[PDB]
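One file, upload_24.txt, carrying compact mmCIF, N, CA and C atoms:
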```txt
# COMPACT_ATOMS: atom_id res chain seq x y z
N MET A 2 34.97 -102.14 -48.41
CA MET A 2 34.85 -102.68 -47.03
C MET A 2 35.67 -101.87 -46.02
N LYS A 3 36.96 -101.67 -46.29
CA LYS A 3 37.90 -101.20 -45.26
C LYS A 3 37.73 -99.73 -44.83
N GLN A 4 37.49 -98.83 -45.79
CA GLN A 4 37.20 -97.43 -45.46
C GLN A 4 35.87 -97.34 -44.74
N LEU A 5 34.90 -98.16 -45.13
CA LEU A 5 33.61 -98.18 -44.43
C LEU A 5 33.79 -98.69 -43.02
N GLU A 6 34.59 -99.74 -42.85
CA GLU A 6 34.91 -100.22 -41.51
C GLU A 6 35.58 -99.12 -40.67
N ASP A 7 36.46 -98.32 -41.28
CA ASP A 7 37.10 -97.20 -40.60
C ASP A 7 36.05 -96.19 -40.11
N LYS A 8 35.07 -95.87 -40.94
CA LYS A 8 34.04 -94.92 -40.55
C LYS A 8 33.18 -95.46 -39.41
N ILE A 9 32.83 -96.74 -39.48
CA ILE A 9 32.03 -97.37 -38.44
C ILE A 9 32.79 -97.32 -37.12
N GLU A 10 34.09 -97.61 -37.16
CA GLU A 10 34.89 -97.59 -35.94
C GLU A 10 35.02 -96.19 -35.34
N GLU A 11 35.10 -95.18 -36.18
CA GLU A 11 35.10 -93.80 -35.68
C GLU A 11 33.81 -93.50 -34.92
N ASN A 12 32.67 -93.96 -35.45
CA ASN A 12 31.40 -93.84 -34.73
C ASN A 12 31.36 -94.66 -33.45
N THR A 13 31.89 -95.88 -33.49
CA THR A 13 31.96 -96.71 -32.29
C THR A 13 32.75 -96.02 -31.19
N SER A 14 33.86 -95.38 -31.55
CA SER A 14 34.66 -94.62 -30.59
C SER A 14 33.92 -93.40 -30.04
N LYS A 15 33.27 -92.63 -30.91
CA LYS A 15 32.48 -91.49 -30.45
C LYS A 15 31.38 -91.95 -29.47
N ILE A 16 30.72 -93.06 -29.79
CA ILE A 16 29.68 -93.61 -28.92
C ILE A 16 30.26 -94.02 -27.55
N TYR A 17 31.43 -94.67 -27.58
CA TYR A 17 32.14 -95.06 -26.36
C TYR A 17 32.35 -93.85 -25.44
N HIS A 18 32.92 -92.78 -25.98
CA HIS A 18 33.18 -91.63 -25.15
C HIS A 18 31.90 -90.98 -24.65
N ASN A 19 30.89 -90.90 -25.51
CA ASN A 19 29.61 -90.32 -25.10
C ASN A 19 28.97 -91.14 -23.99
N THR A 20 29.06 -92.46 -24.08
CA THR A 20 28.49 -93.33 -23.05
C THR A 20 29.12 -93.04 -21.69
N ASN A 21 30.43 -92.83 -21.67
CA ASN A 21 31.12 -92.48 -20.42
C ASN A 21 30.71 -91.13 -19.86
N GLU A 22 30.55 -90.14 -20.72
CA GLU A 22 30.15 -88.82 -20.25
C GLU A 22 28.69 -88.82 -19.77
N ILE A 23 27.82 -89.55 -20.47
CA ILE A 23 26.45 -89.73 -20.02
C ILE A 23 26.45 -90.36 -18.62
N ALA A 24 27.26 -91.40 -18.40
CA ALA A 24 27.30 -92.07 -17.08
C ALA A 24 27.75 -91.09 -15.99
N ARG A 25 28.71 -90.24 -16.33
CA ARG A 25 29.20 -89.23 -15.40
C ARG A 25 28.07 -88.29 -14.99
N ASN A 26 27.33 -87.80 -15.97
CA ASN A 26 26.22 -86.89 -15.70
C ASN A 26 25.08 -87.57 -14.94
N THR A 27 24.81 -88.83 -15.27
CA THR A 27 23.83 -89.65 -14.54
C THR A 27 24.14 -89.71 -13.05
N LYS A 28 25.40 -89.97 -12.72
CA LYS A 28 25.86 -90.00 -11.33
C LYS A 28 25.71 -88.65 -10.64
N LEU A 29 26.04 -87.57 -11.34
CA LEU A 29 25.91 -86.22 -10.76
C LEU A 29 24.46 -85.80 -10.51
N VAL A 30 23.54 -86.20 -11.39
CA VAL A 30 22.11 -85.86 -11.23
C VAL A 30 21.38 -86.76 -10.21
N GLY A 31 22.01 -87.87 -9.81
CA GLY A 31 21.49 -88.72 -8.74
C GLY A 31 21.50 -88.02 -7.39
N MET B 2 28.72 -107.17 -46.91
CA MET B 2 27.52 -106.36 -46.57
C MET B 2 26.94 -106.72 -45.20
N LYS B 3 26.68 -108.01 -44.96
CA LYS B 3 25.83 -108.42 -43.83
C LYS B 3 26.47 -108.26 -42.44
N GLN B 4 27.75 -108.61 -42.31
CA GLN B 4 28.48 -108.39 -41.05
C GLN B 4 28.63 -106.89 -40.80
N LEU B 5 28.84 -106.11 -41.86
CA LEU B 5 28.92 -104.66 -41.71
C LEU B 5 27.58 -104.10 -41.28
N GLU B 6 26.50 -104.59 -41.88
CA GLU B 6 25.17 -104.20 -41.45
C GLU B 6 24.94 -104.54 -39.97
N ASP B 7 25.44 -105.70 -39.52
CA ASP B 7 25.35 -106.09 -38.11
C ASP B 7 26.06 -105.07 -37.21
N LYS B 8 27.25 -104.64 -37.61
CA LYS B 8 28.00 -103.67 -36.81
C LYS B 8 27.29 -102.32 -36.75
N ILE B 9 26.74 -101.88 -37.88
CA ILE B 9 26.01 -100.62 -37.93
C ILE B 9 24.81 -100.69 -37.00
N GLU B 10 24.09 -101.81 -37.02
CA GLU B 10 22.91 -101.96 -36.17
C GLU B 10 23.27 -101.98 -34.68
N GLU B 11 24.40 -102.57 -34.33
CA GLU B 11 24.87 -102.51 -32.95
C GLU B 11 25.09 -101.06 -32.50
N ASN B 12 25.68 -100.25 -33.37
CA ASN B 12 25.83 -98.82 -33.10
C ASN B 12 24.49 -98.09 -33.04
N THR B 13 23.57 -98.42 -33.94
CA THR B 13 22.24 -97.83 -33.91
C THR B 13 21.55 -98.10 -32.59
N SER B 14 21.68 -99.32 -32.08
CA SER B 14 21.11 -99.69 -30.78
C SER B 14 21.77 -98.94 -29.62
N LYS B 15 23.10 -98.87 -29.62
CA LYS B 15 23.80 -98.10 -28.58
C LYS B 15 23.36 -96.63 -28.60
N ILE B 16 23.21 -96.05 -29.78
CA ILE B 16 22.76 -94.67 -29.91
C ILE B 16 21.33 -94.50 -29.36
N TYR B 17 20.46 -95.45 -29.68
CA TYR B 17 19.09 -95.47 -29.17
C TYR B 17 19.07 -95.39 -27.65
N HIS B 18 19.81 -96.27 -26.99
CA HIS B 18 19.81 -96.27 -25.54
C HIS B 18 20.41 -95.00 -24.97
N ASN B 19 21.49 -94.51 -25.58
CA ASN B 19 22.11 -93.28 -25.11
C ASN B 19 21.16 -92.10 -25.25
N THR B 20 20.41 -92.05 -26.35
CA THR B 20 19.45 -90.97 -26.56
C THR B 20 18.41 -90.93 -25.44
N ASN B 21 17.95 -92.11 -25.02
CA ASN B 21 16.99 -92.18 -23.90
C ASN B 21 17.58 -91.73 -22.58
N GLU B 22 18.82 -92.12 -22.30
CA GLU B 22 19.45 -91.72 -21.04
C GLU B 22 19.76 -90.22 -21.04
N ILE B 23 20.20 -89.68 -22.18
CA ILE B 23 20.39 -88.24 -22.31
C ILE B 23 19.06 -87.51 -22.02
N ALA B 24 17.95 -88.00 -22.58
CA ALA B 24 16.64 -87.34 -22.36
C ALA B 24 16.27 -87.36 -20.87
N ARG B 25 16.58 -88.47 -20.21
CA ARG B 25 16.32 -88.60 -18.78
C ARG B 25 17.09 -87.54 -18.00
N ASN B 26 18.37 -87.41 -18.30
CA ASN B 26 19.21 -86.43 -17.61
C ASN B 26 18.79 -84.99 -17.93
N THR B 27 18.40 -84.74 -19.18
CA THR B 27 17.87 -83.43 -19.60
C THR B 27 16.67 -83.01 -18.74
N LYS B 28 15.74 -83.94 -18.54
CA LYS B 28 14.57 -83.70 -17.68
C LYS B 28 14.96 -83.43 -16.23
N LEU B 29 15.92 -84.17 -15.70
CA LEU B 29 16.37 -83.97 -14.32
C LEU B 29 17.09 -82.63 -14.10
N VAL B 30 17.86 -82.18 -15.09
CA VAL B 30 18.58 -80.89 -14.98
C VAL B 30 17.68 -79.67 -15.26
N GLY B 31 16.48 -79.90 -15.80
CA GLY B 31 15.49 -78.83 -15.97
C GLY B 31 14.97 -78.31 -14.64
N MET C 2 27.52 -100.34 -51.22
CA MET C 2 28.29 -99.23 -50.59
C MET C 2 27.40 -98.05 -50.20
N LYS C 3 26.61 -97.54 -51.14
CA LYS C 3 25.97 -96.22 -50.98
C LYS C 3 24.83 -96.17 -49.95
N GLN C 4 23.97 -97.19 -49.92
CA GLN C 4 22.93 -97.28 -48.89
C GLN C 4 23.56 -97.49 -47.53
N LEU C 5 24.65 -98.27 -47.46
CA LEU C 5 25.36 -98.46 -46.20
C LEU C 5 25.98 -97.15 -45.75
N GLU C 6 26.58 -96.42 -46.68
CA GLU C 6 27.10 -95.09 -46.36
C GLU C 6 25.99 -94.17 -45.83
N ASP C 7 24.79 -94.25 -46.41
CA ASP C 7 23.64 -93.48 -45.94
C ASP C 7 23.31 -93.82 -44.48
N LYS C 8 23.31 -95.10 -44.15
CA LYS C 8 23.00 -95.52 -42.78
C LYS C 8 24.06 -95.04 -41.79
N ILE C 9 25.33 -95.13 -42.18
CA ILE C 9 26.42 -94.68 -41.33
C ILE C 9 26.28 -93.18 -41.08
N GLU C 10 25.96 -92.42 -42.12
CA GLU C 10 25.80 -90.97 -41.96
C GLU C 10 24.63 -90.60 -41.06
N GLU C 11 23.55 -91.36 -41.13
CA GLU C 11 22.43 -91.14 -40.21
C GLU C 11 22.87 -91.32 -38.76
N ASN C 12 23.68 -92.35 -38.50
CA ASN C 12 24.27 -92.53 -37.17
C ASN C 12 25.24 -91.43 -36.79
N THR C 13 26.07 -90.98 -37.73
CA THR C 13 26.98 -89.88 -37.48
C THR C 13 26.22 -88.63 -37.07
N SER C 14 25.11 -88.35 -37.74
CA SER C 14 24.26 -87.21 -37.39
C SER C 14 23.61 -87.36 -36.01
N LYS C 15 23.07 -88.53 -35.71
CA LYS C 15 22.50 -88.77 -34.38
C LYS C 15 23.57 -88.57 -33.29
N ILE C 16 24.78 -89.07 -33.53
CA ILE C 16 25.87 -88.90 -32.58
C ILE C 16 26.23 -87.42 -32.39
N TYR C 17 26.27 -86.67 -33.49
CA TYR C 17 26.52 -85.24 -33.46
C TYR C 17 25.54 -84.53 -32.52
N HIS C 18 24.25 -84.77 -32.73
CA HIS C 18 23.27 -84.10 -31.90
C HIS C 18 23.35 -84.53 -30.44
N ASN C 19 23.57 -85.82 -30.21
CA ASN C 19 23.70 -86.31 -28.84
C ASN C 19 24.90 -85.69 -28.15
N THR C 20 26.01 -85.54 -28.88
CA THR C 20 27.21 -84.94 -28.30
C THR C 20 26.93 -83.51 -27.81
N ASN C 21 26.16 -82.76 -28.60
CA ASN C 21 25.78 -81.40 -28.20
C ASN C 21 24.87 -81.37 -26.97
N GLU C 22 23.92 -82.27 -26.91
CA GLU C 22 23.02 -82.30 -25.75
C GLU C 22 23.75 -82.77 -24.49
N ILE C 23 24.65 -83.75 -24.63
CA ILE C 23 25.49 -84.16 -23.52
C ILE C 23 26.31 -82.96 -23.01
N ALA C 24 26.90 -82.17 -23.92
CA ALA C 24 27.71 -81.01 -23.50
C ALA C 24 26.85 -80.00 -22.74
N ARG C 25 25.61 -79.82 -23.19
CA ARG C 25 24.68 -78.91 -22.53
C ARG C 25 24.42 -79.37 -21.10
N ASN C 26 24.14 -80.66 -20.93
CA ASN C 26 23.88 -81.20 -19.60
C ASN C 26 25.12 -81.17 -18.70
N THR C 27 26.29 -81.43 -19.28
CA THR C 27 27.57 -81.32 -18.57
C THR C 27 27.76 -79.93 -17.97
N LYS C 28 27.49 -78.89 -18.76
CA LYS C 28 27.56 -77.50 -18.29
C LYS C 28 26.56 -77.21 -17.17
N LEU C 29 25.34 -77.72 -17.30
CA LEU C 29 24.32 -77.51 -16.26
C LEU C 29 24.64 -78.21 -14.94
N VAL C 30 25.23 -79.40 -15.00
CA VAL C 30 25.60 -80.15 -13.78
C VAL C 30 26.89 -79.65 -13.11
N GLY C 31 27.66 -78.81 -13.82
CA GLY C 31 28.83 -78.15 -13.25
C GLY C 31 28.46 -77.15 -12.16
```

How does this structure look as structure tokens?
Amino acid sequence: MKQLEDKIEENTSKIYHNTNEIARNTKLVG
Amino acid sequence: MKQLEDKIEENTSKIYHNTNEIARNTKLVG
Amino acid sequence: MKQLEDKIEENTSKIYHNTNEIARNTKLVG
């Protein structure tokens, strides 16, 4: 369970940062 | 298993939406 | 464990590719 939870959280964090950078680019292309 | 599967699916959904927004921005920057 | 690990890795790969495309768009909007 716990190492798998660690891997999922690493992906959750990568997704978080990507979502912010996508939003930044969305604003610039507007 | 099942709560972990729930978390993975939440990430799969976030990735799905991000992929669509990235494609949108890709088209605009072309 | 193993099928769940497979699903996590599929997400890790999708995130990898999205990160590269986001970087590409970031450079173009600069």

Margin query: Should the cut-off be 8 Å, what would the residue list for chain C against chain B look like, counting only N, CA and C atoms, as a list in words?
Written below: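 The answer, sorted by residue number, is residues 2, 5, 8, 9, 12, 15, 16, 19, 22, 23, 25, 26, 29 and 30 of chain C.
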
Report chain B as a PDB file with N, CA and C atoms, in the coordinates of the input in the frame of chain C, after least-squares superposition over all C-alpha atoms paired in order.
```pdb
ATOM      1  N   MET B   2      27.520-100.340 -51.213  1.00  0.00           N
ATOM      2  CA  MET B   2      28.291 -99.233 -50.587  1.00  0.00           C
ATOM      3  C   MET B   2      27.403 -98.048 -50.199  1.00  0.00           C
ATOM      4  N   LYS B   3      26.601 -97.543 -51.143  1.00  0.00           N
ATOM      5  CA  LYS B   3      25.967 -96.224 -50.980  1.00  0.00           C
ATOM      6  C   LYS B   3      24.831 -96.169 -49.944  1.00  0.00           C
ATOM      7  N   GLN B   4      23.973 -97.190 -49.919  1.00  0.00           N
ATOM      8  CA  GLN B   4      22.921 -97.281 -48.893  1.00  0.00           C
ATOM      9  C   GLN B   4      23.561 -97.491 -47.521  1.00  0.00           C
ATOM     10  N   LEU B   5      24.646 -98.263 -47.462  1.00  0.00           N
ATOM     11  CA  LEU B   5      25.356 -98.451 -46.200  1.00  0.00           C
ATOM     12  C   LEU B   5      25.981 -97.148 -45.748  1.00  0.00           C
ATOM     13  N   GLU B   6      26.580 -96.411 -46.678  1.00  0.00           N
ATOM     14  CA  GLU B   6      27.102 -95.095 -46.360  1.00  0.00           C
ATOM     15  C   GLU B   6      25.997 -94.169 -45.830  1.00  0.00           C
ATOM     16  N   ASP B   7      24.792 -94.253 -46.413  1.00  0.00           N
ATOM     17  CA  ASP B   7      23.643 -93.476 -45.938  1.00  0.00           C
ATOM     18  C   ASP B   7      23.313 -93.818 -44.479  1.00  0.00           C
ATOM     19  N   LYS B   8      23.311 -95.104 -44.148  1.00  0.00           N
ATOM     20  CA  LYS B   8      23.002 -95.520 -42.779  1.00  0.00           C
ATOM     21  C   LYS B   8      24.063 -95.042 -41.791  1.00  0.00           C
ATOM     22  N   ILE B   9      25.333 -95.134 -42.182  1.00  0.00           N
ATOM     23  CA  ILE B   9      26.425 -94.678 -41.332  1.00  0.00           C
ATOM     24  C   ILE B   9      26.280 -93.187 -41.075  1.00  0.00           C
ATOM     25  N   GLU B  10      25.957 -92.419 -42.114  1.00  0.00           N
ATOM     26  CA  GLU B  10      25.811 -90.972 -41.962  1.00  0.00           C
ATOM     27  C   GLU B  10      24.626 -90.602 -41.063  1.00  0.00           C
ATOM     28  N   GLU B  11      23.544 -91.359 -41.133  1.00  0.00           N
ATOM     29  CA  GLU B  11      22.431 -91.146 -40.213  1.00  0.00           C
ATOM     30  C   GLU B  11      22.875 -91.320 -38.754  1.00  0.00           C
ATOM     31  N   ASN B  12      23.680 -92.342 -38.495  1.00  0.00           N
ATOM     32  CA  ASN B  12      24.265 -92.534 -37.168  1.00  0.00           C
ATOM     33  C   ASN B  12      25.242 -91.423 -36.791  1.00  0.00           C
ATOM     34  N   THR B  13      26.069 -90.985 -37.734  1.00  0.00           N
ATOM     35  CA  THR B  13      26.980 -89.878 -37.484  1.00  0.00           C
ATOM     36  C   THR B  13      26.227 -88.630 -37.073  1.00  0.00           C
ATOM     37  N   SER B  14      25.110 -88.353 -37.736  1.00  0.00           N
ATOM     38  CA  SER B  14      24.260 -87.208 -37.394  1.00  0.00           C
ATOM     39  C   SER B  14      23.617 -87.352 -36.012  1.00  0.00           C
ATOM     40  N   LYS B  15      23.070 -88.530 -35.716  1.00  0.00           N
ATOM     41  CA  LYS B  15      22.503 -88.767 -34.380  1.00  0.00           C
ATOM     42  C   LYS B  15      23.569 -88.579 -33.292  1.00  0.00           C
ATOM     43  N   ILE B  16      24.778 -89.063 -33.528  1.00  0.00           N
ATOM     44  CA  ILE B  16      25.871 -88.905 -32.577  1.00  0.00           C
ATOM     45  C   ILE B  16      26.227 -87.417 -32.385  1.00  0.00           C
ATOM     46  N   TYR B  17      26.274 -86.677 -33.486  1.00  0.00           N
ATOM     47  CA  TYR B  17      26.520 -85.236 -33.459  1.00  0.00           C
ATOM     48  C   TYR B  17      25.540 -84.531 -32.531  1.00  0.00           C
ATOM     49  N   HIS B  18      24.250 -84.765 -32.727  1.00  0.00           N
ATOM     50  CA  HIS B  18      23.262 -84.100 -31.900  1.00  0.00           C
ATOM     51  C   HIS B  18      23.351 -84.529 -30.449  1.00  0.00           C
ATOM     52  N   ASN B  19      23.576 -85.821 -30.209  1.00  0.00           N
ATOM     53  CA  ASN B  19      23.700 -86.309 -28.843  1.00  0.00           C
ATOM     54  C   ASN B  19      24.904 -85.690 -28.149  1.00  0.00           C
ATOM     55  N   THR B  20      26.014 -85.542 -28.871  1.00  0.00           N
ATOM     56  CA  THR B  20      27.211 -84.934 -28.299  1.00  0.00           C
ATOM     57  C   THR B  20      26.931 -83.511 -27.816  1.00  0.00           C
ATOM     58  N   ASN B  21      26.159 -82.762 -28.605  1.00  0.00           N
ATOM     59  CA  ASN B  21      25.778 -81.395 -28.196  1.00  0.00           C
ATOM     60  C   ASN B  21      24.882 -81.365 -26.976  1.00  0.00           C
ATOM     61  N   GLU B  22      23.916 -82.276 -26.905  1.00  0.00           N
ATOM     62  CA  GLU B  22      23.013 -82.303 -25.752  1.00  0.00           C
ATOM     63  C   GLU B  22      23.753 -82.769 -24.494  1.00  0.00           C
ATOM     64  N   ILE B  23      24.650 -83.748 -24.632  1.00  0.00           N
ATOM     65  CA  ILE B  23      25.496 -84.160 -23.518  1.00  0.00           C
ATOM     66  C   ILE B  23      26.312 -82.952 -23.008  1.00  0.00           C
ATOM     67  N   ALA B  24      26.897 -82.170 -23.920  1.00  0.00           N
ATOM     68  CA  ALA B  24      27.711 -81.003 -23.502  1.00  0.00           C
ATOM     69  C   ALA B  24      26.848 -79.991 -22.735  1.00  0.00           C
ATOM     70  N   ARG B  25      25.613 -79.818 -23.192  1.00  0.00           N
ATOM     71  CA  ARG B  25      24.678 -78.916 -22.528  1.00  0.00           C
ATOM     72  C   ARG B  25      24.426 -79.371 -21.095  1.00  0.00           C
ATOM     73  N   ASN B  26      24.141 -80.651 -20.931  1.00  0.00           N
ATOM     74  CA  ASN B  26      23.873 -81.198 -19.600  1.00  0.00           C
ATOM     75  C   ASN B  26      25.117 -81.161 -18.704  1.00  0.00           C
ATOM     76  N   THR B  27      26.287 -81.425 -19.287  1.00  0.00           N
ATOM     77  CA  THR B  27      27.572 -81.320 -18.573  1.00  0.00           C
ATOM     78  C   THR B  27      27.761 -79.925 -17.962  1.00  0.00           C
ATOM     79  N   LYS B  28      27.492 -78.896 -18.761  1.00  0.00           N
ATOM     80  CA  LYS B  28      27.563 -77.503 -18.290  1.00  0.00           C
ATOM     81  C   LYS B  28      26.561 -77.215 -17.176  1.00  0.00           C
ATOM     82  N   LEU B  29      25.344 -77.721 -17.294  1.00  0.00           N
ATOM     83  CA  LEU B  29      24.322 -77.508 -16.265  1.00  0.00           C
ATOM     84  C   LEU B  29      24.637 -78.213 -14.936  1.00  0.00           C
ATOM     85  N   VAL B  30      25.234 -79.402 -15.001  1.00  0.00           N
ATOM     86  CA  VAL B  30      25.595 -80.150 -13.774  1.00  0.00           C
ATOM     87  C   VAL B  30      26.896 -79.645 -13.119  1.00  0.00           C
ATOM     88  N   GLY B  31      27.659 -78.808 -13.828  1.00  0.00           N
ATOM     89  CA  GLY B  31      28.837 -78.154 -13.246  1.00  0.00           C
ATOM     90  C   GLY B  31      28.464 -77.153 -12.164  1.00  0.00           C
TER      91      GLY B  31
END
```

For range 5-11 of chain A, what centre and edge lengths in Å (one decimal) does the axis-aligned box get once 8 Å is added on each side of all its listed atoms, as AutoDock Vina command-line options?
```
--center_x 34.6 --center_y -96.9 --center_z -40.0 --size_x 21.1 --size_y 22.7 --size_z 26.2
```
